[PDB]
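What follows is a set of notes on a single structure, which appears directly below.
Chain A is the first sequence line, chain B the second, and so forth, proteins listed ahead of strands; every chain is numbered from 1.
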Amino acid sequence: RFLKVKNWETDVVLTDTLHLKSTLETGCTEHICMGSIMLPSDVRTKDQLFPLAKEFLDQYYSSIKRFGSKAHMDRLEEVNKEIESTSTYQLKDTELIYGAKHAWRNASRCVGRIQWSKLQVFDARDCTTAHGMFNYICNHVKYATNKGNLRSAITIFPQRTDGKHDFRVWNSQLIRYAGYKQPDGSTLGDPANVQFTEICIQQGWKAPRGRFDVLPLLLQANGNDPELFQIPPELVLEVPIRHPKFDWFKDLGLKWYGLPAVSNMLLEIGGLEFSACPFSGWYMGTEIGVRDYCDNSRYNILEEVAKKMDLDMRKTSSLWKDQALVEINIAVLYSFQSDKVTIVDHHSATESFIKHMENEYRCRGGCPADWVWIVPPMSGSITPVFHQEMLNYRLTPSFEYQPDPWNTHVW
Amino acid sequence: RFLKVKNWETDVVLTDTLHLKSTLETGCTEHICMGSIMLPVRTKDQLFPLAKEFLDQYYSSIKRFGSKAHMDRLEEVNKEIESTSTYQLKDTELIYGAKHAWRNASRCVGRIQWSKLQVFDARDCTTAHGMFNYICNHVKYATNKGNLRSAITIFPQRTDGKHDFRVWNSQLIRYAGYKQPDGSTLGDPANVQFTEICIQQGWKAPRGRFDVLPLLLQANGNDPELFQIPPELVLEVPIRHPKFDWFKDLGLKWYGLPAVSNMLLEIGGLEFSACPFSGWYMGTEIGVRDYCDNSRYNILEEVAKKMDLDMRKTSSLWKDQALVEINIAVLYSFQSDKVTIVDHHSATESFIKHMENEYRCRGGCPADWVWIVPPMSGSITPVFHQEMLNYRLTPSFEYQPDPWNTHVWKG
Ligand code: HEM
Ligand code: HEM
Ligand SMILES: Nc1cccc(CNCCOc2cccc(OCc3ccc4ccc(N)nc4c3)c2)n1
Ligand SMILES: Nc1cccc(CNCCOc2cccc(OCc3ccc4ccc(N)nc4c3)c2)n1
Ligand SMILES: C[C@H](O)[C@H](O)[C@H]1CNc2nc(N)[nH]c(=O)c2N1
Ligand SMILES: C[C@H](O)[C@H](O)[C@H]1CNc2nc(N)[nH]c(=O)c2N1
Ligand SMILES: [Zn+2]
C-alpha cells in the first residue's frame with residue numbers, strides 16, 4: 001500500500017505515500033475505473049466542520065514546523081470555540097495564503113503546478129457589492145497582466161454562509177469572447193460562450209456582434225441579482241496571431257487574450273467554501289491553438305487554414321488536419337513570444353511537470369496527477385508525461401467544480 | 001444500477017449496464033485511481049465456477065440458455081474437471097472465446113472488427129517445429145499478399161505450469177536491436193534484450209538495422225528453439241514521402257503484419273499462454289511510437305534536420321512538424337504498396353460507432369481512454385471528447401511474465 005509509479009521512457013520509479021493522506025473519493029471502485037469521466041461527485045452542519053478545520057490546521061502547523069506547539073494547540077482551541085458559537089470560523093491571512101497555494105498544489109489536472117508556491121493571493125473577504133467585486137477584479141487583472149510579464153494570482157471573496165448569500169462570478173473566465181448564433185446556420189465568435197453571451201444580452205449588454213467581442217463581467221455579491229460591468233480595454237492584453245513563415249496567416253484576422261483567468265470554481269479550505277475565487281496564470285500554447293481554435297464545437301478553423309495551405313483535404317489519411325494543427329500552434333507561440341507576452345509550449349510545460357513530480361515525490365512523498373488531463377491534446381507521446389505513470393487522488397485544500405449560478409439563483 | 005457516459009463534443013449520452021457483469025478487479029479504489037498504471041497454477045477448486053460462468057455466456061449468445069444441450073455440457077465439464085482437474089473447450093467454444101477476448105479488450109481501438117477473426121486451432125501441437133509450421137501458416141493467411149486478415153492461432157492450454165507453450169518473441173515479426181560498445185544502438189532499441197537471447201541461443205545475427213528476428217518457440221515446457229521465418233512470408237514496405245524525395249534516403253522500412261505473441265488468453269478459467277494474434281496497423285503505431293519514441297528508432301532529429309527546421313528551441317515545434325511528416329510517409333508508403341493500414345482519424349471514428357453500437361446491443365463497451373486516444377493530435381479525434389468506462393470482462397487477453405524470467409532450463 002506504498003504505491004509505485006514508473007516512467008517507461010527512463011525506468012525512474014517513485015514511491016507514493018502522500019495518497020494515504022487522501023480524504024475525498026475518486027469515483028472509481030475495484031470493479032470500474034471512472035478516470036475519463038469529466039465530473040463525478042447545502043450548508044455544512046456544525047458537526048463535520050470541526051474535523052475539517054482540525055485536519056487543515058494540523059497540516060498548516062506541520063508546514064511551519066510547529067506541530068503540537070503552544071501556538072498550534074491554542075489556535076486549534078480558538079477555532080474550536082468559534083465554531084461552537086458562530087457555527088463557522090474565519091481563517092487568518094497566513095492560513096488563507098497557505099490554503100490557496102495548496103489548492104493549486106493539489107490540483108491533479110494542472111500541468112503548471114511547478115509554480116504553485118509563487119502565487120499572489122488577494123484577500124477580498126471585506127467585499128460587499130458587485131461594484132466592489134468589479135474593483136477587486138480589475139486590480140487582479142492589472143496585477144496579473146503586468147504588461148505581458150504575467151504573474152499568477154487569485155482573488156478570494158467572502159466564504160459561503162447559508163447558501164442564500166453566495167458570491168459568484170458568473171463568467172467561466174474573467175476574459176472570454178462572445179458567441180452569437182446566426183439566423184441561418186453557423187456561429188459567430190466563440191460557440192462555447194453562446195448561452196452566456198445570450199444571458200448577458202438578455203440582461204442589458206449591447207453586443208457589438210463581432211468575432212472577438214470581450215464579454216462583460218456578470219458579478220453576484222451576497223446572493224443578489226448579478227450586475228454587468230465592462231472590463232476597461234486597456235486592461236485586456238491581446239495578441240494578434242501571425243505565422244513566422246506564412247504571410248497570409250495575418251490575413252485570417254485572429255487574436256487571443258493574454259490572461260487565462262478561471263472564475264467559476266470553488267475553493268475549499270478547512271471545510272470553508274469560497275464560491276468566488278477567480279485565479280489566473282499564463283497560457284500553454286495548445287490551450288488556444290489546439291482546443292480554442294480547432295475543437296469542432298469551438299472556433300473550428302482547421303478547414304480554412306488547410307485550404308490556404310493548399311493541402312489535399314479529400315481524405316483523412318493525408319493528415320491535413322495534423323499539419324494545419326501544428327502550424328496554428330507554431331503561430332500562437334510565435335505571436336505571444338514576439339509581443340513579449342508570457343506563454344509556455346507543451347514540450348516545456350510537460351518537462352517542467354516531470355521535474356515538479358520528482359520534487360514533490362522527494363520533498364512531499366507524492367504528487368496527485370490526472371494523466372487524462374496532464375498529457376497535452378497534441379503530440380502526446382513525444383512529450384515526457386505520456387510515458388509517466390501517475391496516481392490520481394483528492395487532497396484538500398482543493399478547487400472544485402460548482403453548478404452554473406443561473407441554474408440555482410432565485411431571480 | 002445504471003451508469004452514464006457523455007460525449008462532450010456531441011452531447012450524446014449512453015447508459016452502461018454491462019459493467020455489472022464485471023468479475024475481475026481494476027486496481028482502482030474509492031480513494032485512488034490507477035488508470036494510468038501500465039499494469040496494475042489454477043486448481044480444480046476455483047475452476048468450475050469459471051467454466052460455468054463462461055458456458056452460461058456462451059449458451060446465452062447462441063440463444064440456448066437453459067437448454068438440454070446447455071445443461072448436458074455443464075454436467076460434462078463438471079465431471080471432466082473433478083476427474084481430470086481441467087477440461088477441454090469445444091471448437092465452437094474456443095472460437096467464441098477468442099472473439100470475445102478481443103471484443104473485451106478495453107485498450108484496443110480496432111474492435112469494430114472483433115467478430116471477423118479467423119481462429120486457428122493449434123491445440124494438437126506438440127513440438128516447437130510444429131509451432132513453427134502453425135505460425136508460418138498464420139503469417140501467410142494473415143498477410144494475404146497485403147490484403148490483411150485478422151487471425152489468431154491457439155496452442156495447447158496450460159496444465160501444471162511446468163509444460164507451458166510460449167512464443168518467446170513479443171511479436172511474430174520484429175527487427176533486431178544491437179547495443180554497440182560505444183553505447184549506441186543499431187536497429188530497434190526495443191528489441192535489444194530479446195536479440196541478445198537469440199544470439200545466445202545460437203542465432204547468427206546479420207547485425208543490420210532491419211534484421212527480422214528469428215522465432216524462439218517453446219513447446220510443452222521444453223527449452224525454446226530457433227526458427228527463421230521464410231523471408232517471402234515477411235511482407236515489408238519501404239518508407240518514402242509523397243513530397244520529400246530525400247525521405248527514401250533515410251533507408252527506413254517496416255513490416256506489414258502486426259502480430260502480438262506474448263499475451264495470455266483466458267477462456268472459462270483455461271489459460272492459453274501461446275496465442276499469437278494479428279490484425280493490421282494503425283499508422284501512428286509505426287510513425288509516432290516505433291520511429292519517434294526517444295527509446296526507439298528516434299529519427300525525429302534527422303527528419304527535422306533534412307527539413308531544415310529551427311531545432312534551437314522547442315517552441316518552434318520542430319518535433320511536432322517532423323512527427324506529422326513521418327506519419328504521412330508511413331501511411332503513403334503502405335497505401336502505395338496496397339498493404340492494409342488505417343489512419344488514426346478513421347480508426348477513432350470507427351471506434352465511436354463501434355462503442356455506440358455496443359451500448360445498444362450489449363449494454364456497454366469497456367474502454368481505456370489512456371490507450372484509445374491516439375499518441376498524436378489527440379483532441380482532433382472524436383475519442384478525446386468521449387467519456388469511457390473501464391472494467392474487466394472475461395474471456396480476456398492478459399499480460400504475463402516474459403518466459404526467460406520464469407523458465408526452468410533443461411540443458
Ligand atoms: C501559471 C501557469 C499555469 C499553466 C501553464 C497551467 C496549465 C493548465 C492546463 C493546460 C490545464 C488544463 C485545462 C484545460 O485543458 O482546459 C490546467 C488545469 C487546471 N489548472 Fe493550471 N495552469 C497554470 C496555473 C494555474 C493556477 C495559478 C491555478 C490556481 C491557482 C491553476 C489551477 C488549475 C486547475 C484547478 C485546473 C483543473 C481544473 C479542473 O479540474 O477542471 N492553474 N492548468
Ligand atoms: C484489426 C486491426 C486492429 C487495429 C487497428 C488495432 C489497434 C490497436 C492499437 C493501436 C492498440 C494500442 C497499441 C499500442 O499502442 O501498443 C491496440 C491494443 C490491443 N489490441 Fe488491437 N488492433 C487490431 C486488432 C486486434 C486483434 C485481431 C486483436 C486480438 C485478437 C487485438 C487485441 C488487442 C489487445 C489485447 C490490445 C491491448 C494491448 C495491451 O493491453 O497491451 N487487436 N489495438
Ligand atoms: N464544462 C464544459 C461545458 C461544455 C464544454 C466543455 C469543454 N470540455 C472541458 C472544458 O475545459 C475546462 C474544464 C474545466 C476547467 C477548465 O479550466 C481549468 C484551468 C484552470 C486554470 C488554468 C490556469 C492557467 C491556464 N493556462 N489554464 C488553466 C485552465 C477548462 N466544458
Ligand atoms: N516492456 C517495456 C520495456 C521498456 C519499454 C517499454 C515501452 N512500452 C511499450 C508499450 O507497447 C506495447 C505494450 C503492450 C502491448 C502492445 O501492443 C498491443 C497491441 C496488441 C494487438 C494489436 C493488434 C493490431 C495492432 N495494429 N496493434 C496491436 C497492438 C504494445 N516496454
Ligand atoms: C504511462 C502510460 O500509462 C503509458 O505510457 C501508456 C500511455 N498510453 C498508451 N497508449 C497506447 N495506445 N499505447 C501505449 O503504449 C501507451 N502507453
Ligand atoms: C472525455 C474526456 O474526459 C474529456 O474530453 C477531457 C479529456 N482530457 C482533457 N484534458 C484537458 N487538458 N482538458 C480537457 O478539457 C479534457 N477533456
Ligand atoms: Zn480509476
Side-chain angles (χ1 to χ4, degrees), chain A residues 1-30 33-35 40 51-69 72 76 95 98-117 268-271 350-375 384-400, chain B residues 25-40 370:
Chain A
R1 80 170 211 171
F2 289 25
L3 301 172
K4 305 204 180 179
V5 286
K6 167 168 173 184
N7 181 295
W8 290 84
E9 229 209 289
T10 68
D11 295 317
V12 174
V13 183
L14 308 170
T15 314
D16 188 295
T17 46
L18 187 60
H19 74 278
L20 299 173
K21 288 219 291 143
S22 159
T23 54
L24 298 160
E25 276 167 27
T26 65
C28 312
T29 70
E30 335 92 272
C33 171
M34 300 211 147
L52 295 174
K54 176 187 207 300
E55 179 213 327
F56 167 73
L57 295 163
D58 280 6
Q59 3 162 352
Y60 174 66
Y61 276 90
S62 184
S63 79
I64 64 174
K65 276 159 277 69
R66 259 148 157 75
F67 189 84
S69 66
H72 182 184
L76 202 62
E95 314 165 336
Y98 168 92
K101 288 181 187 188
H102 275 73
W104 185 8
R105 190 183 195 173
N106 296 339
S108 63
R109 295 179 157 168
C110 176
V111 70
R113 285 180 279 167
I114 193 178
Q115 294 286 304
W116 71 268
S117 66
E268 216 199 70
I269 300 162
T350 55
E351 184 206 13
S352 281
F353 186 72
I354 293 287
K355 186 170 189 181
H356 171 68
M357 269 189 76
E358 298 177 11
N359 295 332
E360 295 287 78
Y361 273 86
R362 181 175 39 80
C363 308
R364 208 189 178 190
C367 180
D370 181 344
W371 195 100
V372 174
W373 286 60
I374 296 300
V375 174
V385 293
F386 184 96
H387 311 268
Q388 179 68 55
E389 301 185 331
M390 295 164 196
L391 288 165
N392 195 30
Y393 46 92
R394 306 192 41 56
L395 300 169
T396 187
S398 60
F399 292 109
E400 309 285 352
Chain B
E25 292 157 353
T26 67
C28 310
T29 77
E30 297 86 13
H31 292 84
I32 193 154
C33 177
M34 311 262 294
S36 67
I37 311 292
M38 191 109 96
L39 27 127
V370 171

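For the pair B:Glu30 and A:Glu25, the minimum side-chain heavy-atom distance is below 4.5 Å. You'll find the side chain of A:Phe386 stays beyond 4.5 Å of the side chain of A:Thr350, heavy atoms only. The shortest distance between side-chain heavy atoms of A:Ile114 and A:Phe353 does not fall below 4.5 Å. Between A:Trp104 and A:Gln115 the shortest side-chain heavy-atom distance falls below 4.5 Å. Two residues are said to be in side-chain contact when any heavy atoms from C-beta on lie closer than 4.5 Å; A:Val5 and A:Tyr361 meet this criterion. The shortest side-chain heavy-atom distance between A:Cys367 and A:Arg113 falls under the 4.5 Å cut-off. Here the side chains of A:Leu391 and B:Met34 are in contact, with some heavy-atom distance below 4.5 Å.
Remark: the backbone N or O of A:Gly112 is not paired with any side-chain donor or acceptor of A:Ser352 at under 3.5 angstrom. A donor-acceptor pair is defined here as one N or O able to donate and one able to accept, closer than 3.5 Å; such a pair exists between the side chain of A:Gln59 and the backbone of A:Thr396. In this structure, A:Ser398 contributes its side chain and A:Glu400 its backbone to no donor-acceptor pair below 3.5 Å.
Between A:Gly366 and A:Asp16, the closest heavy-atom pair is CA-OD2, 3.4 Å. Taking each heavy atom of B:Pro40 and B:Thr26 in turn, the nearest pair found is CG-O, 3.8 Å. The minimum heavy-atom distance linking A:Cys28 with B:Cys28 is given by the pair CB-CB, 3.5 Å.
Atom NZ of A:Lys21 is separated from atom CG of A:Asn106 by 8.0 Å, given to the nearest 0.5 angstrom. The distance from the CD1 atom of A:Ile269 to the CZ atom of A:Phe399 is 7.5 Å, given to the nearest 0.5 Å. With values rounded to the nearest 0.5 angstrom, B:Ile37 atom CD1 is found 11.5 Å from A:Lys6 atom NZ. Summarising the geometry, atom CG belonging to A:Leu3 is positioned 12.5 Å from atom CG belonging to A:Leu14; distances are rounded to the nearest 0.5 Å. How far CD of A:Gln388 is from CH2 of A:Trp371: 11.5 Å, rounded to the nearest 0.5 Å. Going from atom CG of A:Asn392 over to atom OG of B:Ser36 covers 8.0 Å, rounded to the nearest 0.5 Å.
Screening A:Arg362, A:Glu358, A:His356, A:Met357 for a side-chain contact (heavy atoms from CB on, under 4.5 Å) with A:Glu360, the sole residue that qualifies is A:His356.
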Please determine whether side chain to side chain contact (heavy atoms under 4.5 Å, CB included) holds for the pair A:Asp58 and A:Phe67, giving the CA-CA distance in whole Å, both sets of side-chain angles, and the decisive distance to 0.1 Å. CA-CA 7 Å; A:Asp58 280 6; A:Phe67 189 84; 4.3 Å; yes

Test A:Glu389 against B:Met38 for side chain to side chain contact (heavy atoms under 4.5 Å, CB included), laying out the working first. CA-CA 7 Å; A:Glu389 301 185 331; B:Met38 191 109 96; 3.4 Å; yes

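The aromatic rings of A:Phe56 and A:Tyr98 sit tilted relative to each other, their planes meeting at an angle between 30° and 60°.
Annotation for A:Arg66: atom CZ does not count as buried by contact number, only 12 or fewer foreign heavy atoms lying within 6.0 Å.
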